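Protein sequences appear in the order of chains A and B.
In the deposited numbering, each number is its position in the first sequence, counted from 1, plus 11.
In the deposited numbering, each number is its position in the second sequence, counted from 1, plus 11.
Protein chains: 2
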Amino acid sequence: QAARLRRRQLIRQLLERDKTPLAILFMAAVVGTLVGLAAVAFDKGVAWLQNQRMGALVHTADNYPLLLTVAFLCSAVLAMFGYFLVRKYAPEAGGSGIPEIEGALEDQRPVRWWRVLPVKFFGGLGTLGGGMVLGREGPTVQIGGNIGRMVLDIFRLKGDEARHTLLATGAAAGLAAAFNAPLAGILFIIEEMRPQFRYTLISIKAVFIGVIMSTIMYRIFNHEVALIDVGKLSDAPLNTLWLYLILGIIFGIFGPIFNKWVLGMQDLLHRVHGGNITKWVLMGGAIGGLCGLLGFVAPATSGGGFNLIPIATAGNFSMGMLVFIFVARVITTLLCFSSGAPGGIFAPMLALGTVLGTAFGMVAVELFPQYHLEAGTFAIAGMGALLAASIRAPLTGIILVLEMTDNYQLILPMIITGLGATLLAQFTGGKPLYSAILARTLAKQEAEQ
Amino acid sequence: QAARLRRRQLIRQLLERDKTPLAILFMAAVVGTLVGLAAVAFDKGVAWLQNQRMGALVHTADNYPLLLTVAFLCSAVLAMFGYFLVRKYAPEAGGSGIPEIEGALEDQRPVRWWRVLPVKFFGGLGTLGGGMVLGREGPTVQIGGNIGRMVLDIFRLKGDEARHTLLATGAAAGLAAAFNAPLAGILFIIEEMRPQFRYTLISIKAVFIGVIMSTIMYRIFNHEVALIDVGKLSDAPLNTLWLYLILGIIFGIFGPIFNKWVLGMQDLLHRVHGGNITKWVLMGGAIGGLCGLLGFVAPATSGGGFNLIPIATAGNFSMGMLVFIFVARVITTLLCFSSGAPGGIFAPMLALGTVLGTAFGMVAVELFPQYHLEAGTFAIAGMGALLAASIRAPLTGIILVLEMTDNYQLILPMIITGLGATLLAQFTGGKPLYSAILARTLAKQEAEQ
Numbered sequence: 012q013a014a015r016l017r018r019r020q021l022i023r024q025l026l027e028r029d030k031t032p033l034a035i036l037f038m039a040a041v042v043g044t045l046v047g048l049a050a051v052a053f054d055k056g057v058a059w060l061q062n063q064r065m066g067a068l069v070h071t072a073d074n075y076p077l078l079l080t081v082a083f084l085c086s087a088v089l090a091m092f093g094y095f096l097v098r099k100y101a102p103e104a105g106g107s108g109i110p111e112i113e114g115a116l117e118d119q120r121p122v123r124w125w126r127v128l129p130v131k132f133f134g135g136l137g138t139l140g141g142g143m144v145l146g147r148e149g150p151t152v153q154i155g156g157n158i159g160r161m162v163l164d165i166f167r168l169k170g171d172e173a174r175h176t177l178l179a180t181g182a183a184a185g186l187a188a189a190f191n192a193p194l195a196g197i198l199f200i201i202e203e204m205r206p207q208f209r210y211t212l213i214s215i216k217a218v219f220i221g222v223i224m225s226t227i228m229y230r231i232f233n234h235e236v237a238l239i240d241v242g243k244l245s246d247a248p249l250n251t252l253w254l255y256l257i258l259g260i261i262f263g264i265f266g267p268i269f270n271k272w273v274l275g276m277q278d279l280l281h282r283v284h285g286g287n288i289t290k291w292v293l294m295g296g297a298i299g300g301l302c303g304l305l306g307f308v309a310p311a312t313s314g315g316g317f318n319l320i321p322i323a324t325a326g327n328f329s330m331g332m333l334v335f336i337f338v339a340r341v342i343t344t345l346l347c348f349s350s351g352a353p354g355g356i357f358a359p360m361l362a363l364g365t366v367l368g369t370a371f372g373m374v375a376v377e378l379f380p381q382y383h384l385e386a387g388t389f390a391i392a393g394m395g396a397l398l399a400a401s402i403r404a405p406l407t408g409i410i411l412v413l414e415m416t417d418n419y420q421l422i423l424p425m426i427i428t429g430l431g432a433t434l435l436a437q438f439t440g441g442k443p444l445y446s447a448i449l450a451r452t453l454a455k456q457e458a459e460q
Numbered sequence: 012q013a014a015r016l017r018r019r020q021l022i023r024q025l026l027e028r029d030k031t032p033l034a035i036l037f038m039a040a041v042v043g044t045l046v047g048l049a050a051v052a053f054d055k056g057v058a059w060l061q062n063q064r065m066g067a068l069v070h071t072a073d074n075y076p077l078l079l080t081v082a083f084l085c086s087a088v089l090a091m092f093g094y095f096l097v098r099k100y101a102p103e104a105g106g107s108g109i110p111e112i113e114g115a116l117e118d119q120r121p122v123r124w125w126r127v128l129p130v131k132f133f134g135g136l137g138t139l140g141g142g143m144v145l146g147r148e149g150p151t152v153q154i155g156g157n158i159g160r161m162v163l164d165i166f167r168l169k170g171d172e173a174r175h176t177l178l179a180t181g182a183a184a185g186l187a188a189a190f191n192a193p194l195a196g197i198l199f200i201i202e203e204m205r206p207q208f209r210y211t212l213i214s215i216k217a218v219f220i221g222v223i224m225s226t227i228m229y230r231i232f233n234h235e236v237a238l239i240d241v242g243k244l245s246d247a248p249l250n251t252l253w254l255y256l257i258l259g260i261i262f263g264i265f266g267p268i269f270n271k272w273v274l275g276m277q278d279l280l281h282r283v284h285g286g287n288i289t290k291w292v293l294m295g296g297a298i299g300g301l302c303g304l305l306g307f308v309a310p311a312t313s314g315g316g317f318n319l320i321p322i323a324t325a326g327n328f329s330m331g332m333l334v335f336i337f338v339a340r341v342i343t344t345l346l347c348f349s350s351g352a353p354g355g356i357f358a359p360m361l362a363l364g365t366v367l368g369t370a371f372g373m374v375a376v377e378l379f380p381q382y383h384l385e386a387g388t389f390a391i392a393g394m395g396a397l398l399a400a401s402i403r404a405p406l407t408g409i410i411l412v413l414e415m416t417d418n419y420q421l422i423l424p425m426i427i428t429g430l431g432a433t434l435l436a437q438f439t440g441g442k443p444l445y446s447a448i449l450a451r452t453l454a455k456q457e458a459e460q
């Protein structure tokens, strides 16, 4: 019996637990500071591009056949440029980027900073300036991992406790600086981007630095923002705690259908051009110009995602509009993300969850009105629900919605909805979206040679 | 060369990600409910014993030495009855419990549900009703551990996934039923109670059910009381963000002296024990009687801990009062926990951090008048710093302080204090407490075999 040998090894691996090197605890601060500055510069650039694009319609608001075309081509040229830089200089920039960092924490998909920083930072700037539904989360995790890998390659410190830690600190502080949520950025690393099938050794004490040294460099510049500002909705008593289970299983039915939709659209938009860079560039231009035009005509369907959370959680939408800005929002998120643009998916699904949530509340206050409900609670219940039924990160979903909204009282409706999402989106037969995209792009590389 | 086999093994086990069997995913709800309904029956029992012990003290209120004699003996008896059952029927019941469950998740220290439940639930009841300074979650996490092996044994679930997940989903639901924090139990299972150096398939969905099915039981039976209710302390702007790092440095120097004292006091009390069960029971009765005597006169020295948090996070204590509370509370916390008694160190350190935080704030508001400070912020930021400089579970400490106080608007001072504590506690050379106690227990096990 070698269990005595295993116990004798454990009794001396248990004393030296959580003792990380000073070199890693000093390089993590510089990684966090550089990714915080890069995320602040990216946010300032996309804000300046949106402002300079909106400051021409006001200059020429006299004729619709010219105004629509000026809103079209100025929103299409930036998207065309952002598609071109990605499909010429770095083909691993297209898409979200959480697949590539999740792969690079497993030593497949070799991570680069030669040509992934100055391609993603300008392609995401172009394809989020001209307003399309992309979300500023994908092109900051990839600008987070490569900054840490650049720091490690410059300062020439070797080992294997370093290549996995300075690559996850950057990927944590690239999400703790795009959302101003210092906890969701580390709970994404803890249970979604860590390699889930073998024992790895990253240090939470060195991811915990970097996240703070990037959040402080966020809060220096972007002061008093508070990007969602709905405050103190009504609490949800234990009598009406069972409608959120029906909301959960509705989101869990919907989730895998959305996953099959985007994983079919990635192959359907592929065969319309056949991999050619010129037809890819023209398709990206025509798919960015349409969402730039819809960013002015009916401007609460296509663009951003955070513009219509507070005017739909506690407020007014006559339910015809609430069906319209769900159907149009799905048919434009499936185009702007599956077309191959360098953008995220988080902010589209955070906007996509709350519309269906407040649409469920708009009928839950109608049927059985003895509960004295209000249709604002179901929006925050269903914010982090499609994010939990399509990615299977319910802890990150619950923590992120608790961070950006600050309504702690309905944590049991949030937990119940985000858990009844996954408990039926597993049995229906769906797969987590990043762990499907990574397996598809690993099979596409393994089927070569 | 083996990268091809590694990739073809990654793809197949990556496509079937997060698919847990229904036989585990249904027993998780039963083990959640059977520990929520038996943790509210521990909370109500200790509250009933505290109420009857206080009410018997009123029945004679004229003869003061006879009154103090009754207040001494009626706590010494309920301490002796809680010490005797532990030293007679379960030698692993005393202490805290979280070392024993962290051991049992790594296949040493076997869980014994026929004699850890009806001695913990009837000994922690007595030794916490007797007015000793011990946490509530200590006798609840171990009960959650030994309920999961009961469910698995009486439903004869085979396989190795189930005995590793039904322990964790009971130990999370016990801690969430103790604090009414349904986000602290899972985030304590993930980063501290998990096996650190191996790979273990604890299902996050199975531990994320159970915590909700125990929080629902706690909210159903226990009506809204909000056991810590400090309300809306002011926000800390970015200019005054450098004082909390100094507070963290003070906590990180104090932490690894507290660890050395609590590990030396065990040997000091064991030397006067000698292992004899009569000397054990008599010494436990004397210490429980001293805590019951200090519960009546100067009622802030002993106690559960949660009595003085909403009265110390408002600044109406004097500095001499705060230093007397701290000095005569560290002594009784050491003397009551290091003797061996079924109660956690978690809530005594959660209430021991707030006094040092406000003793720092009461000089921070007087030495820098140009900041417009408020001494409650330093107390609410130092509430969870001894948990991060002694146990080294800083994410669990920060999450739990956010859950029990609902003051989100300052989280950079909390996340700086809880991290500048653990850095300057690592650079002093102290071990985490639950990974020192299990090492001493395995050393005492490996005497001669």
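We put the CB at the ideal spot given by N, CA and C, even for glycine.
Distance from the CA of residue 167 of chain A to the CA of residue 42 of chain A, rounded to the nearest whole angstrom, comes to 14 angstroms. Judged by their CB atoms, residue 343 of chain B and residue 97 of chain B are not nearer to each other than the 7 angstroms cut-off. Residue 24 of chain B has a beta carbon lying within less than 7 angstroms of a beta carbon in chain A.
Residue 208 of chain B belongs to the set of residues whose beta carbon lies under 7 angstroms from a beta carbon in chain A.
Three or more Cβ pairs closer than 8 angstroms define a contact, and the stretch 363–370 of chain B meets that threshold against the stretch 379–395 of chain B. Nearest to residue 383 of chain B by alpha-carbon distance, out of B:212, B:249, B:213 and B:87, is B:249. DSSP places residue 32 of chain A outside both helix and strand once states are collapsed to three, so it counts as coil.
At a cut-off of 7 angstroms between beta carbons, residue 450 of chain B contacts chain A.
Excluding residues up to 5 positions away in sequence, 136, 139 and 140 lie with their Cβ nearer than 7 angstroms to the Cβ of residue 57 of chain B in the same chain. About 4 angstroms separates the Cβ atoms of residue 364 of chain B and residue 397 of chain B, confirming a contact at the 8 angstroms cut-off.
Of the candidates A:300, A:190 and A:128, A:190 places its Cα closest to the Cα of residue 236 of chain A. As the crow flies, the alpha-carbon of residue 198 of chain A is around 10 angstroms from that of residue 215 of chain A. In this structure, residue 223 of chain A places its C-beta atom within 7 angstroms of the C-beta atom of residue 426 of chain B. Only 403, 405, 406, 409, 410, 413, 414 and 417 from the stretch 384–417 of chain B bring a Cβ to less than 9 angstroms from some Cβ of chain A. If you draw a 10 Å sphere on the C-beta of residue 350 of chain A, you find 16 or more other C-beta atoms in it, and that means buried. For the pair residue 356 of chain A and residue 195 of chain A, the Cα-to-Cα distance works out to about 16 angstroms.
Nearest in C-alpha terms to residue 64 of chain A, of all of A:403, A:348, A:90 and A:22, is A:90.
If you draw a straight line from the Cα of residue 120 of chain B to the Cα of residue 111 of chain B, it comes to about 6 angstroms. For residue 33 of chain B, the closest of A:445, A:264, A:376 and A:434 by C-alpha to C-alpha distance is A:434.
Under the three-state reduction of DSSP, residue 140 of chain B is assigned to helix. An exposed status is given to residue 310 of chain B, since fewer than 16 other beta-carbon atoms sit within 10 Å of its beta-carbon. Closest by C-alpha distance to residue 126 of chain B, out of B:157, B:113 and B:148, is B:157. For residue 274 of chain A, the enclosing alpha helix (DSSP H) begins and ends at 254–279. Taking 7 angstroms as the cut-off, the Cβ atoms of residue 188 of chain B and residue 72 of chain B do not count as close. With fewer than 16 other CB atoms across the displayed protein chains lying within 10 angstroms of its CB, residue 171 of chain B is exposed.
In the structure shown, residue 368 of chain B falls within a helical segment according to DSSP collapsed to helix, strand and coil. Residues of chain A whose Cβ lies closer than 9 angstroms to the Cβ of residue 119 of chain B are, in chain order, 14, 17, 18 and 21. Between the alpha carbons of residue 307 of chain B and residue 82 of chain B lies a distance of about 8 angstroms. Here the alpha carbons of residue 18 of chain A and residue 246 of chain B stand approximately 49 angstroms from one another. Straight-line measurement puts the Cα of residue 314 of chain B at about 41 angstroms from the Cα of residue 239 of chain A.
Residue 248 of chain A has a beta carbon lying at 7 angstroms or more from every beta carbon in chain B. Among the residues of chain A, those whose CB is under 7 angstroms from the CB of residue 446 of chain B are 25 and 28, following chain order.
Under the DSSP assignment, residue 442 of chain B falls outside any alpha helix (DSSP H); it carries neither an H nor an E label.
Spanning the alpha carbons of residue 379 of chain B and residue 334 of chain B requires a straight line of approximately 21 angstroms. Distance check between residue 405 of chain B and each of A:218, A:258, A:148 and A:131 places A:218 closest, using alpha-carbon atoms only. In the structure shown, the three-state DSSP call for residue 110 of chain B is helix.
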